[PDB]
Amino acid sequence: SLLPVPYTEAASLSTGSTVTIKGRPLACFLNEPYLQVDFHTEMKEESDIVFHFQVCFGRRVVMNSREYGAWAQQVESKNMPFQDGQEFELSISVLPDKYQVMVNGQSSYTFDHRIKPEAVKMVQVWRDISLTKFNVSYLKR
């Protein structure tokens, strides 16, 4: 739909920042479409990833970081608040010790900081979705 996918935006994050995404899977859950949100340390797509959030709709979520080019300790969740065929609203809040992922208003996943969020310079949203909204807050100092 409206925004380009893969979607790339320069970004700065700190405690109190929120990244808000509105989109829809491109396929029914039976076909296992994916969604991925990556918080990168540079604008280049091959740069390190402080927080990698990957949904296999209807199946599982995996989270990780990519440090000096190498994937670190993968974490897995079977929590699946996303609904088959429906638009979703995803919010990722930067808390002092972790990222908190809300789905349609419900706390759904967390990921403890492995690298300070101040290292982020870019966010990429990609894989099997359309995207109508992407917003980063910049109100706090």
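We number the residues from 1 along the sequence you see.
Visitor: Regarding 49 to 57 and 74 to 82, which shows the higher C-alpha temperature factor on average in the entry?
Guide: Looking at the record's C-alpha B-factors, the answer is 74 to 82.
Visitor: Averaging CA B factors per stretch from the PDB record, which one is higher: 11 to 19 or 118 to 126?
Guide: So the stretch with the higher mean C-alpha B-factor is 11 to 19.
Visitor: Among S65, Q36, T110, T41, which carries the highest Cα B-factor?
Guide: When the deposited C-alpha B-factors of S65, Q36, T110, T41 are compared, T110 is largest.
Visitor: What third of the chain, by the recorded C-alpha B-factor, contains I92?
Guide: Tercile = middle for this residue's CA B-factor.
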